[PDB]
>>> print(open('query15.csv').read())   # CSV, C-alpha atoms and all ligand atoms
chain,number,residue,atom,x,y,z
A,3,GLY,CA,96.9,101.6,76.8
A,4,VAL,CA,98.6,101.6,80.1
A,5,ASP,CA,100.6,104.9,79.8
A,6,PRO,CA,97.8,107.1,78.3
A,7,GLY,CA,95.6,105.6,81.0
A,8,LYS,CA,97.9,106.9,83.6
A,9,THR,CA,97.6,110.4,82.2
A,10,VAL,CA,93.8,110.0,82.3
A,11,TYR,CA,93.9,108.8,86.0
A,12,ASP,CA,96.5,111.3,87.1
A,13,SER,CA,95.0,114.5,85.7
A,14,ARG,CA,91.3,113.6,85.9
A,15,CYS,CA,90.5,111.4,88.9
A,16,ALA,CA,93.5,111.4,91.3
A,17,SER,CA,92.6,114.8,92.8
A,18,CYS,CA,89.7,113.0,94.5
A,19,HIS,CA,90.0,109.2,94.1
A,20,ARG,CA,92.5,106.6,95.3
A,21,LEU,CA,93.9,103.7,93.4
A,22,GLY,CA,95.4,100.7,95.2
A,23,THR,CA,98.7,101.8,96.8
A,24,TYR,CA,99.7,103.8,93.7
A,25,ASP,CA,97.6,106.8,95.0
A,26,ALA,CA,96.5,106.5,98.6
A,27,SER,CA,95.3,110.2,99.0
A,28,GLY,CA,91.8,111.3,98.3
A,29,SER,CA,88.3,111.1,99.9
A,30,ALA,CA,86.5,109.4,97.0
A,31,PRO,CA,86.4,105.6,96.6
A,32,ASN,CA,89.4,103.6,95.7
A,33,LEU,CA,89.1,102.7,92.0
A,34,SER,CA,90.9,99.3,92.4
A,35,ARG,CA,88.8,96.7,90.5
A,36,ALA,CA,86.3,99.5,89.4
A,37,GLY,CA,86.4,98.8,85.6
A,38,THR,CA,82.7,97.8,85.5
A,39,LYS,CA,81.7,100.7,87.8
A,40,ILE,CA,83.8,103.1,85.6
A,41,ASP,CA,82.0,101.9,82.4
A,42,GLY,CA,78.6,102.3,84.2
A,43,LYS,CA,79.6,105.7,85.5
A,44,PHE,CA,80.8,107.1,82.2
A,45,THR,CA,79.5,107.1,78.6
A,46,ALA,CA,82.1,107.8,75.9
A,47,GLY,CA,81.8,111.5,74.8
A,48,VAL,CA,79.0,112.4,77.2
A,49,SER,CA,79.7,115.0,79.8
A,50,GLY,CA,78.9,113.6,83.2
A,51,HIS,CA,80.6,112.8,86.6
A,52,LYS,CA,82.2,115.8,88.2
A,53,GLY,CA,82.1,117.7,84.8
A,54,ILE,CA,84.4,115.1,83.2
A,55,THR,CA,84.0,114.0,79.6
A,56,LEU,CA,85.9,110.9,78.5
A,57,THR,CA,86.5,109.6,75.0
A,58,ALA,CA,86.2,105.9,74.2
A,59,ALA,CA,90.0,105.7,74.0
A,60,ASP,CA,90.2,107.5,77.4
A,61,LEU,CA,87.9,104.9,79.0
A,62,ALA,CA,89.8,101.9,77.6
A,63,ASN,CA,93.2,103.3,78.4
A,64,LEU,CA,92.2,104.3,82.0
A,65,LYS,CA,90.8,100.8,82.7
A,66,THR,CA,94.0,99.2,81.4
A,67,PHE,CA,95.9,101.5,83.7
A,68,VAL,CA,93.7,100.7,86.6
A,69,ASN,CA,94.1,96.9,86.0
A,70,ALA,CA,97.9,97.1,85.7
A,71,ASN,CA,98.7,99.5,88.6
A,72,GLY,CA,95.7,99.2,91.1
A,76,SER,CA,102.8,99.8,94.2
A,77,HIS,CA,106.0,101.5,95.4
A,78,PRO,CA,109.0,103.1,93.6
A,79,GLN,CA,111.4,100.6,95.2
A,80,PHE,CA,109.4,97.4,94.8
A,101,LIG,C1,86.3,115.0,92.9
A,101,LIG,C2,85.9,116.3,92.2
A,101,LIG,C3,86.2,113.7,92.0
A,101,LIG,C4,86.7,113.6,90.7
A,101,LIG,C5,87.8,114.5,90.1
A,101,LIG,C6,86.5,112.2,90.3
A,101,LIG,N1,85.6,111.6,91.2
A,101,LIG,FE1,84.6,109.8,91.0
A,101,LIG,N2,83.6,110.0,92.8
A,101,LIG,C7,83.8,111.2,93.5
A,101,LIG,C8,82.9,111.1,94.7
A,101,LIG,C9,82.7,112.1,95.8
A,101,LIG,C10,82.2,109.8,94.5
A,101,LIG,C11,81.1,109.2,95.5
A,101,LIG,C12,79.8,109.8,95.1
A,101,LIG,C13,79.4,109.3,93.8
A,101,LIG,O1,79.1,110.2,92.9
A,101,LIG,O2,79.4,108.1,93.5
A,101,LIG,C14,82.7,109.2,93.3
A,101,LIG,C15,82.3,107.9,92.8
A,101,LIG,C16,82.8,107.3,91.7
A,101,LIG,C17,82.5,106.0,91.2
A,101,LIG,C18,81.6,105.0,91.8
A,101,LIG,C19,82.3,104.6,93.2
A,101,LIG,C20,81.7,103.2,93.6
A,101,LIG,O3,80.6,102.8,93.2
A,101,LIG,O4,82.4,102.6,94.5
A,101,LIG,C21,83.2,105.8,90.1
A,101,LIG,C22,83.2,104.5,89.2
A,101,LIG,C23,84.0,107.0,89.8
A,101,LIG,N3,83.7,107.9,90.8
A,101,LIG,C24,84.8,107.3,88.7
A,101,LIG,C25,85.6,108.3,88.5
A,101,LIG,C26,86.6,108.4,87.4
A,101,LIG,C27,86.8,107.3,86.4
A,101,LIG,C28,87.2,109.6,87.5
A,101,LIG,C29,88.3,110.1,86.5
A,101,LIG,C30,87.8,110.2,85.1
A,101,LIG,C31,86.6,110.3,88.7
A,101,LIG,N4,85.7,109.5,89.2
A,101,LIG,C32,87.0,111.6,89.1
A,101,LIG,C33,84.6,112.3,93.3
A,101,LIG,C34,85.4,112.5,92.2
A,102,NA,NA,94.2,110.8,94.8
A,103,NA,NA,80.2,103.1,79.5
>>> encode(input="query15.csv", output="structure tokens")
Amino acid sequence: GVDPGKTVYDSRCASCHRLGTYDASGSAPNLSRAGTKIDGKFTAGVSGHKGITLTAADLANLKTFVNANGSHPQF
């Protein structure tokens, strides 16, 4: 789940959000430890937040990515 979750985060939330030290640029909240807020903010297949629609697989993969990476290329 971790790699497709990165694609979800990268293309769909990073433009605004931050995530630990992996992504420290953006004005919206840092999504570190936001799994429960993500699942409350999004319903699988229902268009919502910022025009985004997420599949069930998207939501699971993204949370696995947030848990595993939420960081420096040399660490
Ligand atoms: C800019 C167009 C954004 C995009 C792209 C994403 N998010 Fe967002 N998010 C944005 C703002 C300005 C805010 C604060 C106002 C609000 O609507 O809450 C948020 C907030 C969240 C939250 C809740 C934050 C908290 O309670 O601390 C969550 C859980 C969240 N956003 C999730 C989220 C996800 C999973 C995204 C990728 C699919 C995503 N956002 C994109 C702005 C923007
Ligand atoms: Na960002
Ligand atoms: Na949900």
>>> atom_distance(input="query15.csv", atom1="atom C20 of ligand LIG 101 (chain A)", atom2="atom CA of residue 32 of chain A")
8.0 Å
>>> residues_near_ligand(input="query15.csv", ligand="ligand LIG 101 (chain A)", cutoff="9 Å", atoms="only C-alpha atoms and all ligand atoms", output="PyMOL selection string")
chain A and resi 10-19+28-33+36-44+51-56+60-61+64-65
>>> closest_residue(input="query15.csv", among="A:63, A:57, A:27, A:34", to="ligand NA 102 (chain A)", atoms="only C-alpha atoms and all ligand atoms")
A:27
>>> atom_distance(input="query15.csv", atom1="atom CA of residue 45 of chain A", atom2="atom CA of residue 25 of chain A")
24.4 Å
>>> atom_distance(input="query15.csv", atom1="atom CA of residue 48 of chain A", atom2="atom CA of residue 24 of chain A")
27.8 Å
>>> closest_residue(input="query15.csv", among="A:9, A:22, A:4, A:46", to="ligand NA 103 (chain A)", atoms="only C-alpha atoms and all ligand atoms")
A:46
>>> closest_residue(input="query15.csv", among="A:80, A:67, A:72, A:59", to="residue 23 of chain A", atoms="only C-alpha atoms")
A:72
>>> residues_around(input="query15.csv", residues="residue 3 of chain A", least_positions_apart="3", cutoff="6 Å", atoms="all atoms listed in the file", output="list in words")
residues 6, 7, 63 and 66 of chain A
>>> decode(input="query15.csv", residues="segment 49-79 of chain A", atoms="N, CA and C atoms", output="CSV table (one decimal), in the first residue's frame")
chain,number,residue,atom,x,y,z
A,49,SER,N,-17.5,12.5,-3.9
A,49,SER,CA,-16.7,13.7,-4.2
A,49,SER,C,-16.8,14.6,-3.1
A,50,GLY,N,-15.7,15.1,-2.6
A,50,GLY,CA,-15.8,16.0,-1.5
A,50,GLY,C,-14.7,17.1,-1.4
A,51,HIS,N,-13.9,17.0,-0.4
A,51,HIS,CA,-12.9,17.9,0.0
A,51,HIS,C,-12.0,18.4,-1.2
A,52,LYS,N,-12.1,19.7,-1.5
A,52,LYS,CA,-11.3,20.3,-2.6
A,52,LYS,C,-11.5,19.6,-3.9
A,53,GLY,N,-12.8,19.2,-4.1
A,53,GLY,CA,-13.1,18.5,-5.4
A,53,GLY,C,-12.5,17.1,-5.6
A,54,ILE,N,-11.8,16.6,-4.5
A,54,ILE,CA,-11.2,15.3,-4.6
A,54,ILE,C,-12.2,14.2,-4.4
A,55,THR,N,-12.1,13.1,-5.2
A,55,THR,CA,-12.8,11.8,-4.9
A,55,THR,C,-11.7,10.8,-4.8
A,56,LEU,N,-11.8,9.9,-3.7
A,56,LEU,CA,-10.9,8.9,-3.4
A,56,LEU,C,-11.6,7.5,-3.4
A,57,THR,N,-11.0,6.5,-4.0
A,57,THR,CA,-11.5,5.2,-3.9
A,57,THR,C,-11.2,4.6,-2.6
A,58,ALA,N,-11.8,3.5,-2.2
A,58,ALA,CA,-11.4,2.8,-1.0
A,58,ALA,C,-10.0,2.4,-1.0
A,59,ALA,N,-9.5,1.9,-2.2
A,59,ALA,CA,-8.1,1.5,-2.2
A,59,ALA,C,-7.2,2.7,-2.1
A,60,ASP,N,-7.6,3.9,-2.7
A,60,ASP,CA,-6.8,5.1,-2.5
A,60,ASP,C,-6.7,5.5,-1.0
A,61,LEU,N,-7.8,5.4,-0.3
A,61,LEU,CA,-7.8,5.8,1.1
A,61,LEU,C,-6.9,4.9,2.0
A,62,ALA,N,-7.0,3.6,1.7
A,62,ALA,CA,-6.2,2.7,2.5
A,62,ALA,C,-4.7,2.9,2.2
A,63,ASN,N,-4.4,3.0,0.9
A,63,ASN,CA,-3.0,3.2,0.4
A,63,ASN,C,-2.4,4.5,1.0
A,64,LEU,N,-3.2,5.6,0.9
A,64,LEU,CA,-2.7,6.8,1.4
A,64,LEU,C,-2.4,6.8,2.9
A,65,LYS,N,-3.3,6.2,3.7
A,65,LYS,CA,-3.0,6.1,5.1
A,65,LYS,C,-1.8,5.3,5.4
A,66,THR,N,-1.6,4.2,4.7
A,66,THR,CA,-0.4,3.4,4.9
A,66,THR,C,0.9,4.2,4.5
A,67,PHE,N,0.8,5.0,3.5
A,67,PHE,CA,1.9,5.9,3.2
A,67,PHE,C,2.1,7.0,4.3
A,68,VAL,N,1.0,7.6,4.8
A,68,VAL,CA,1.2,8.6,5.8
A,68,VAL,C,1.8,7.9,7.1
A,69,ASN,N,1.4,6.7,7.4
A,69,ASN,CA,2.0,6.1,8.6
A,69,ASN,C,3.5,5.7,8.4
A,70,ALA,N,3.9,5.4,7.2
A,70,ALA,CA,5.3,4.9,7.0
A,70,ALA,C,6.2,6.1,6.7
A,71,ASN,N,5.7,7.2,6.3
A,71,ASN,CA,6.6,8.3,5.9
A,71,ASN,C,6.4,9.6,6.5
A,72,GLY,N,5.4,9.7,7.4
A,72,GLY,CA,5.1,11.0,8.1
A,72,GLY,C,5.4,11.1,9.6
A,76,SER,N,12.6,12.2,7.8
A,76,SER,CA,12.5,12.0,6.3
A,76,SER,C,13.6,12.9,5.6
A,77,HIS,N,14.6,12.3,5.1
A,77,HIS,CA,15.6,13.0,4.3
A,77,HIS,C,16.3,12.0,3.4
A,78,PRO,N,16.7,12.4,2.2
A,78,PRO,CA,17.3,11.5,1.2
A,78,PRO,C,18.6,10.9,1.7
A,79,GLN,N,19.2,11.4,2.7
A,79,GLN,CA,20.5,10.9,3.1
A,79,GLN,C,20.5,10.2,4.5
